[PDB]
>>> print(open('target-v4.pdb').read())   # PDB, C-alpha atoms
ATOM      1  CA  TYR A   1      54.437 103.746   4.603  1.00  0.00           C
ATOM      2  CA  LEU A   2      57.042 103.717   7.376  1.00  0.00           C
ATOM      3  CA  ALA A   3      56.352 100.003   7.759  1.00  0.00           C
ATOM      4  CA  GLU A   4      56.991  99.630   4.027  1.00  0.00           C
ATOM      5  CA  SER A   5      60.283 101.468   4.447  1.00  0.00           C
ATOM      6  CA  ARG A   6      61.183  99.250   7.405  1.00  0.00           C
ATOM      7  CA  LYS A   7      60.469  96.084   5.418  1.00  0.00           C
ATOM      8  CA  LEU A   8      62.401  97.382   2.417  1.00  0.00           C
ATOM      9  CA  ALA A   9      65.077  98.587   4.844  1.00  0.00           C
ATOM     10  CA  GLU A  10      65.674  95.142   6.326  1.00  0.00           C
ATOM     11  CA  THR A  11      65.398  93.732   2.797  1.00  0.00           C
ATOM     12  CA  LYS A  12      67.993  95.962   1.136  1.00  0.00           C
ATOM     13  CA  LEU A  13      70.276  95.816   4.164  1.00  0.00           C
ATOM     14  CA  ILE A  14      69.798  92.035   4.150  1.00  0.00           C
ATOM     15  CA  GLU A  15      70.859  91.616   0.525  1.00  0.00           C
ATOM     16  CA  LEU A  16      73.456  94.377   0.938  1.00  0.00           C
ATOM     17  CA  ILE A  17      75.314  92.900   3.901  1.00  0.00           C
ATOM     18  CA  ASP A  18      74.501  89.449   2.509  1.00  0.00           C
ATOM     19  CA  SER A  19      76.271  89.841  -0.833  1.00  0.00           C
ATOM     20  CA  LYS A  20      78.873  92.176   0.701  1.00  0.00           C
ATOM     21  CA  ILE A  21      80.642  89.440   2.676  1.00  0.00           C
ATOM     22  CA  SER A  22      79.665  86.775   0.153  1.00  0.00           C
ATOM     23  CA  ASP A  23      83.168  86.656  -1.345  1.00  0.00           C
ATOM     24  CA  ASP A  24      89.102  78.160   7.355  1.00  0.00           C
ATOM     25  CA  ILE A  25      89.994  81.526   8.892  1.00  0.00           C
ATOM     26  CA  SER A  26      88.625  83.717   6.082  1.00  0.00           C
ATOM     27  CA  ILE A  27      85.126  82.316   6.647  1.00  0.00           C
ATOM     28  CA  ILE A  28      85.878  82.659  10.369  1.00  0.00           C
ATOM     29  CA  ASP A  29      86.743  86.239   9.485  1.00  0.00           C
ATOM     30  CA  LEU A  30      83.393  86.216   7.702  1.00  0.00           C
ATOM     31  CA  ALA A  31      82.050  84.739  10.928  1.00  0.00           C
ATOM     32  CA  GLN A  32      83.918  87.651  12.501  1.00  0.00           C
ATOM     33  CA  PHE A  33      82.205  89.738   9.840  1.00  0.00           C
ATOM     34  CA  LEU A  34      79.103  87.965  11.088  1.00  0.00           C
ATOM     35  CA  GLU A  35      80.276  89.154  14.496  1.00  0.00           C
ATOM     36  CA  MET A  36      80.914  92.819  13.668  1.00  0.00           C
ATOM     37  CA  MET A  37      77.904  93.305  11.402  1.00  0.00           C
ATOM     38  CA  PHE A  38      75.355  90.898  12.862  1.00  0.00           C
ATOM     39  CA  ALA A  39      76.468  89.575  16.246  1.00  0.00           C
ATOM     40  CA  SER A  40      77.832  92.908  17.542  1.00  0.00           C
ATOM     41  CA  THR A  41      76.085  95.749  15.701  1.00  0.00           C
ATOM     42  CA  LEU A  42      72.845  94.127  14.551  1.00  0.00           C
ATOM     43  CA  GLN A  43      72.659  91.985  17.703  1.00  0.00           C
ATOM     44  CA  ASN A  44      72.001  95.129  19.761  1.00  0.00           C
ATOM     45  CA  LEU A  45      68.676  95.761  18.057  1.00  0.00           C
ATOM     46  CA  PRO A  46      67.717  92.399  16.596  1.00  0.00           C
ATOM     47  CA  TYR A  47      67.735  89.549  19.040  1.00  0.00           C
ATOM     48  CA  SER A  48      64.597  89.414  16.910  1.00  0.00           C
ATOM     49  CA  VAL A  49      64.712  89.384  13.097  1.00  0.00           C
ATOM     50  CA  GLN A  50      68.456  88.954  12.870  1.00  0.00           C
ATOM     51  CA  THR A  51      67.354  85.777  14.624  1.00  0.00           C
ATOM     52  CA  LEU A  52      65.121  85.463  11.577  1.00  0.00           C
ATOM     53  CA  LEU A  53      68.147  86.591   9.547  1.00  0.00           C
ATOM     54  CA  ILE A  54      70.037  83.845  11.244  1.00  0.00           C
ATOM     55  CA  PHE A  55      67.841  82.063   8.689  1.00  0.00           C
ATOM     56  CA  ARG A  56      67.011  84.894   6.263  1.00  0.00           C
ATOM     57  CA  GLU A  57      70.657  86.001   6.041  1.00  0.00           C
ATOM     58  CA  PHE A  58      72.941  83.625   7.959  1.00  0.00           C
ATOM     59  CA  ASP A  59      71.316  80.346   6.984  1.00  0.00           C
ATOM     60  CA  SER A  60      70.857  82.158   3.721  1.00  0.00           C
ATOM     61  CA  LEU A  61      74.607  82.321   4.226  1.00  0.00           C
ATOM     62  CA  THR A  62      74.355  78.598   4.821  1.00  0.00           C
ATOM     63  CA  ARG A  63      72.207  78.530   1.701  1.00  0.00           C
ATOM     64  CA  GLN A  64      74.568  81.038   0.091  1.00  0.00           C
ATOM     65  CA  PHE A  65      77.634  79.357   1.569  1.00  0.00           C
ATOM     66  CA  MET A  66      75.907  76.109   0.622  1.00  0.00           C
ATOM     67  CA  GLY A  67      75.710  77.038  -3.062  1.00  0.00           C
ATOM     68  CA  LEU A  68      79.145  78.636  -2.767  1.00  0.00           C
ATOM     69  CA  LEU A  69      80.346  75.188  -1.698  1.00  0.00           C
ATOM     70  CA  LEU A  70      77.945  73.665  -4.257  1.00  0.00           C
ATOM     71  CA  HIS A  71      78.464  75.586  -7.518  1.00  0.00           C
ATOM     72  CA  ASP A  72      81.594  73.795  -8.788  1.00  0.00           C
ATOM     73  CA  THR A  73      84.378  73.429  -6.264  1.00  0.00           C
ATOM     74  CA  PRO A  74      87.751  74.040  -7.919  1.00  0.00           C
ATOM     75  CA  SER A  75      90.570  72.962  -5.569  1.00  0.00           C
ATOM     76  CA  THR A  76      89.094  74.196  -2.254  1.00  0.00           C
ATOM     77  CA  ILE A  77      88.793  70.667  -0.822  1.00  0.00           C
ATOM     78  CA  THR A  78      91.456  68.286   0.551  1.00  0.00           C
ATOM     79  CA  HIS A  79      92.398  66.414   3.697  1.00  0.00           C
ATOM     80  CA  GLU A  80      93.285  69.907   4.990  1.00  0.00           C
ATOM     81  CA  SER A  81      91.327  72.285   2.733  1.00  0.00           C
ATOM     82  CA  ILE A  82      87.979  70.539   3.144  1.00  0.00           C
ATOM     83  CA  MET A  83      89.131  69.966   6.713  1.00  0.00           C
ATOM     84  CA  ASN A  84      89.327  73.764   6.741  1.00  0.00           C
ATOM     85  CA  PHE A  85      85.736  73.645   5.506  1.00  0.00           C
ATOM     86  CA  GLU A  86      85.162  72.071   8.921  1.00  0.00           C
ATOM     87  CA  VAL A  87      86.777  75.284  10.173  1.00  0.00           C
ATOM     88  CA  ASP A  88      84.192  76.990   7.929  1.00  0.00           C
ATOM     89  CA  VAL A  89      80.943  74.984   7.807  1.00  0.00           C
ATOM     90  CA  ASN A  90      81.293  72.858  10.929  1.00  0.00           C
ATOM     91  CA  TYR A  91      82.467  76.099  12.511  1.00  0.00           C
ATOM     92  CA  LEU A  92      79.214  77.460  11.088  1.00  0.00           C
ATOM     93  CA  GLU A  93      77.668  74.593  13.069  1.00  0.00           C
ATOM     94  CA  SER A  94      79.091  76.169  16.254  1.00  0.00           C
ATOM     95  CA  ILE A  95      75.600  77.383  17.227  1.00  0.00           C
ATOM     96  CA  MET A  96      70.559  74.715  14.988  1.00  0.00           C
ATOM     97  CA  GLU A  97      70.770  73.038  11.578  1.00  0.00           C
ATOM     98  CA  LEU A  98      73.964  74.355   9.910  1.00  0.00           C
ATOM     99  CA  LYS A  99      76.166  71.223  10.041  1.00  0.00           C
ATOM    100  CA  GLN A 100      75.681  70.647   6.321  1.00  0.00           C
ATOM    101  CA  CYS A 101      78.581  71.534   4.022  1.00  0.00           C
ATOM    102  CA  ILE A 102      81.377  70.107   6.206  1.00  0.00           C
ATOM    103  CA  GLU A 103      79.444  66.840   6.582  1.00  0.00           C
ATOM    104  CA  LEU A 104      80.437  63.935   4.274  1.00  0.00           C
ATOM    105  CA  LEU A 105      82.961  66.145   2.430  1.00  0.00           C
ATOM    106  CA  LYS A 106      85.615  67.327   4.928  1.00  0.00           C
ATOM    107  CA  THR A 107      87.993  64.353   4.532  1.00  0.00           C
ATOM    108  CA  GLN A 108      89.125  64.696   0.870  1.00  0.00           C
ATOM    109  CA  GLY A 109      85.949  63.218  -0.560  1.00  0.00           C
ATOM    110  CA  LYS A 110      86.929  61.017  -3.488  1.00  0.00           C
ATOM    111  CA  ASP A 111      85.171  57.678  -2.854  1.00  0.00           C
ATOM    112  CA  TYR A 112      81.958  56.045  -4.039  1.00  0.00           C
ATOM    113  CA  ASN A 113      80.222  56.849  -0.748  1.00  0.00           C
ATOM    114  CA  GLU A 114      82.031  60.173  -0.468  1.00  0.00           C
ATOM    115  CA  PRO A 115      80.439  61.292  -3.766  1.00  0.00           C
ATOM    116  CA  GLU A 116      77.180  59.374  -3.473  1.00  0.00           C
ATOM    117  CA  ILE A 117      76.891  60.148   0.237  1.00  0.00           C
ATOM    118  CA  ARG A 118      78.020  63.663  -0.611  1.00  0.00           C
ATOM    119  CA  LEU A 119      74.733  63.735  -2.508  1.00  0.00           C
ATOM    120  CA  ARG A 120      72.426  61.630  -0.331  1.00  0.00           C
ATOM    121  CA  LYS A 121      74.057  61.951   3.115  1.00  0.00           C
ATOM    122  CA  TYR A 122      75.588  65.461   3.162  1.00  0.00           C
ATOM    123  CA  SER A 123      72.177  67.007   3.767  1.00  0.00           C
ATOM    124  CA  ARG A 124      70.795  70.191   5.464  1.00  0.00           C
ATOM    125  CA  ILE A 125      72.087  71.996   2.333  1.00  0.00           C
ATOM    126  CA  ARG A 126      71.320  71.642  -1.363  1.00  0.00           C
ATOM    127  CA  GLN A 127      72.426  68.486  -3.163  1.00  0.00           C
ATOM    128  CA  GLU A 128      74.606  70.336  -5.676  1.00  0.00           C
ATOM    129  CA  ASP A 129      77.436  69.890  -3.132  1.00  0.00           C
ATOM    130  CA  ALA A 130      78.454  66.438  -4.396  1.00  0.00           C
ATOM    131  CA  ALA A 131      79.690  67.508  -7.832  1.00  0.00           C
ATOM    132  CA  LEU A 132      81.354  70.309  -5.864  1.00  0.00           C
ATOM    133  CA  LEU A 133      82.698  67.609  -3.529  1.00  0.00           C
ATOM    134  CA  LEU A 134      83.943  64.765  -5.738  1.00  0.00           C
ATOM    135  CA  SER A 135      83.406  65.632  -9.428  1.00  0.00           C
ATOM    136  CA  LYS A 136      85.137  68.991  -9.633  1.00  0.00           C
ATOM    137  CA  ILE A 137      86.627  68.572  -6.164  1.00  0.00           C
ATOM    138  CA  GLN A 138      88.237  65.133  -6.434  1.00  0.00           C
ATOM    139  CA  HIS A 139      89.973  65.765  -9.685  1.00  0.00           C
ATOM    140  CA  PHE A 140      90.546  69.028  -7.799  1.00  0.00           C
ATOM    141  CA  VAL A 141      90.959  67.443  -4.359  1.00  0.00           C
ATOM    142  CA  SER A 142      93.204  65.008  -6.212  1.00  0.00           C
ATOM    143  CA  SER A 143      94.796  68.161  -7.615  1.00  0.00           C
ATOM    144  CA  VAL A 144      95.007  69.514  -4.041  1.00  0.00           C
ATOM    145  CA  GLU A 145      97.693  68.859  -1.443  1.00  0.00           C
ATOM    146  CA  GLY A 146      96.478  65.811   0.431  1.00  0.00           C
ATOM    147  CA  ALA A 147      95.093  64.136  -2.669  1.00  0.00           C
ATOM    148  CA  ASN A 148      92.557  61.319  -2.617  1.00  0.00           C
ATOM    149  CA  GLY A 149      91.898  60.372  -6.236  1.00  0.00           C
ATOM    150  CA  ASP A 150      90.119  61.484  -9.408  1.00  0.00           C
ATOM    151  CA  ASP A 151      87.913  58.405  -9.357  1.00  0.00           C
ATOM    152  CA  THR A 152      84.790  57.710 -11.381  1.00  0.00           C
ATOM    153  CA  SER A 153      83.382  56.531  -8.074  1.00  0.00           C
ATOM    154  CA  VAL A 154      84.042  60.176  -7.192  1.00  0.00           C
ATOM    155  CA  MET A 155      83.364  62.043 -10.436  1.00  0.00           C
ATOM    156  CA  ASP A 156      80.693  59.747 -11.891  1.00  0.00           C
ATOM    157  CA  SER A 157      78.544  59.291  -8.778  1.00  0.00           C
ATOM    158  CA  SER A 158      79.223  62.942  -7.884  1.00  0.00           C
ATOM    159  CA  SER A 159      78.047  64.142 -11.298  1.00  0.00           C
ATOM    160  CA  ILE A 160      75.310  61.473 -11.275  1.00  0.00           C
ATOM    161  CA  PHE A 161      73.991  61.072  -7.726  1.00  0.00           C
ATOM    162  CA  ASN A 162      73.802  64.867  -7.461  1.00  0.00           C
ATOM    163  CA  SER A 163      72.694  65.523 -11.043  1.00  0.00           C
TER
END
>>> encode(input="target-v4.pdb", output="structure tokens")
Amino acid sequence: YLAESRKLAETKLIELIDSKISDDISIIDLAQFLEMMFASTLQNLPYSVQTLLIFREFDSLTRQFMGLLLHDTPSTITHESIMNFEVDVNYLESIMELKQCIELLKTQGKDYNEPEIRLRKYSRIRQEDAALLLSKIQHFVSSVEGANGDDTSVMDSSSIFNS
């Protein structure tokens, strides 16, 4: 029964601290929230299963930050904003498979191969991060400072190659 409470303990703390910090430098502050919660406090005990919660929570924060960058990206992508996603997701690649969401999207993705290679060549995350790279996020990266175009090479192959 104590094992059941330990499993449910790591479970409810996993979803708790997971969705707690679920809501650049703010993700680096979330990586500093990954410092204070995981890499300082939880690192003391778990060089184990926080190593599993490097997958079960933190690559589930690359799955969760994946789908956060893959739901529908309104205006958080540009030549600086998605370059700040390199300060978020390629900074999540600072440690070994989390180079996903800043790949093939960080440079104001609004091209045919930026959308279609945001689907087929922005991998290690889910492939919903093309419509949230060049369909919402190139009418929205085109709506962002450092615009690159609301193309149908962007929006059509981003809403088509992904979906």
>>> residues_around(input="target-v4.pdb", residues="region 118-135 of chain A", least_positions_apart="4", cutoff="7 Å", atoms="all atoms listed in the file", output="PyMOL selection string")
chain A and resi 63+66+69-73+97-98+100-101+103-105+109-110+114+139+154-156+158-159+161-162
>>> atom_distance(input="target-v4.pdb", atom1="CA of residue 80 (chain A)", atom2="CA of residue 93 (chain A)")
18.2 Å
>>> closest_residue(input="target-v4.pdb", among="A:81, A:163, A:43, A:64", to="residue 146 (chain A)", atoms="all atoms listed in the file")
A:81
>>> residues_around(input="target-v4.pdb", residues="residue 108 (chain A)", least_positions_apart="5", cutoff="8 Å", atoms="all atoms listed in the file", output="MDAnalysis selection string")
chainID A and resid 77:80 82:83 138 141 146:148
>>> residues_around(input="target-v4.pdb", residues="residue 143 (chain A)", least_positions_apart="6", cutoff="10 Å", atoms="all atoms listed in the file", output="list in words")
residues 74, 75, 76, 77, 78, 136, 137, 149 and 150 of chain A
>>> residues_around(input="target-v4.pdb", residues="region 36-41 of chain A", least_positions_apart="5", cutoff="10 Å", atoms="all atoms listed in the file", output="list in words")
residues 17, 21, 29, 30, 31, 46, 47, 50, 51, 53, 54, 57 and 58 of chain A
>>> atom_distance(input="target-v4.pdb", atom1="CA of residue 87 (chain A)", atom2="CA of residue 32 (chain A)")
12.9 Å
>>> atom_distance(input="target-v4.pdb", atom1="CA of residue 91 (chain A)", atom2="CA of residue 153 (chain A)")
28.4 Å
>>> axis_aligned_box(input="target-v4.pdb", around="region 49-52 of chain A", padding_each_side="6 Å", output="JSON")
{"center_x": 66.6, "center_y": 87.4, "center_z": 13.1, "size_x": 15.7, "size_y": 15.9, "size_z": 15.0}
>>> closest_residue(input="target-v4.pdb", among="A:151, A:59, A:10, A:4", to="residue 113 (chain A)", atoms="all atoms listed in the file")
A:151
>>> decode(input="target-v4.pdb", residues="region 108-157 of chain A", atoms="C-alpha atoms", output="CSV table (one decimal), in the first residue's frame")
chain,number,residue,atom,x,y,z
A,108,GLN,CA,10.0,33.1,-39.3
A,109,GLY,CA,8.7,30.0,-41.0
A,110,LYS,CA,6.6,31.2,-44.0
A,111,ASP,CA,7.9,29.2,-47.0
A,112,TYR,CA,6.8,26.1,-48.8
A,113,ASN,CA,9.6,24.1,-47.1
A,114,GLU,CA,9.2,26.0,-43.9
A,115,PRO,CA,5.6,24.8,-43.6
A,116,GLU,CA,6.0,21.4,-45.4
A,117,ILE,CA,9.4,20.8,-43.6
A,118,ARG,CA,7.8,22.2,-40.5
A,119,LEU,CA,5.6,19.1,-40.8
A,120,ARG,CA,8.0,16.5,-42.3
A,121,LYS,CA,11.4,17.8,-41.1
A,122,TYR,CA,10.7,19.5,-37.7
A,123,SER,CA,10.5,16.1,-36.0
A,124,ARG,CA,11.2,14.7,-32.4
A,125,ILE,CA,7.8,16.4,-31.6
A,126,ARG,CA,4.3,15.9,-32.9
A,127,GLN,CA,3.5,17.0,-36.4
A,128,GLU,CA,0.8,19.5,-35.3
A,129,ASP,CA,3.7,22.1,-35.1
A,130,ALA,CA,3.5,23.1,-38.8
A,131,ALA,CA,0.0,24.7,-38.7
A,132,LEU,CA,1.3,26.3,-35.5
A,133,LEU,CA,4.4,27.3,-37.5
A,134,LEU,CA,3.1,28.6,-40.9
A,135,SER,CA,-0.7,28.4,-41.0
A,136,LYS,CA,-1.6,30.3,-37.8
A,137,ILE,CA,2.0,31.5,-37.4
A,138,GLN,CA,2.8,32.9,-40.8
A,139,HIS,CA,-0.3,35.0,-41.1
A,140,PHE,CA,0.7,35.5,-37.4
A,141,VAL,CA,4.5,35.5,-38.1
A,142,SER,CA,3.6,37.8,-40.9
A,143,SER,CA,1.5,39.7,-38.3
A,144,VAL,CA,4.7,39.6,-36.1
A,145,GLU,CA,7.6,42.0,-36.1
A,146,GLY,CA,10.1,40.5,-38.5
A,147,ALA,CA,7.4,39.4,-40.9
A,148,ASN,CA,7.9,36.7,-43.5
A,149,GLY,CA,4.6,36.3,-45.4
A,150,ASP,CA,1.1,34.9,-45.1
A,151,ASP,CA,1.7,32.6,-48.0
A,152,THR,CA,-0.4,29.6,-49.2
A,153,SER,CA,3.0,27.9,-49.4
A,154,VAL,CA,3.0,28.6,-45.7
A,155,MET,CA,-0.7,28.3,-44.7
A,156,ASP,CA,-1.8,25.7,-47.3
A,157,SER,CA,1.1,23.2,-46.9
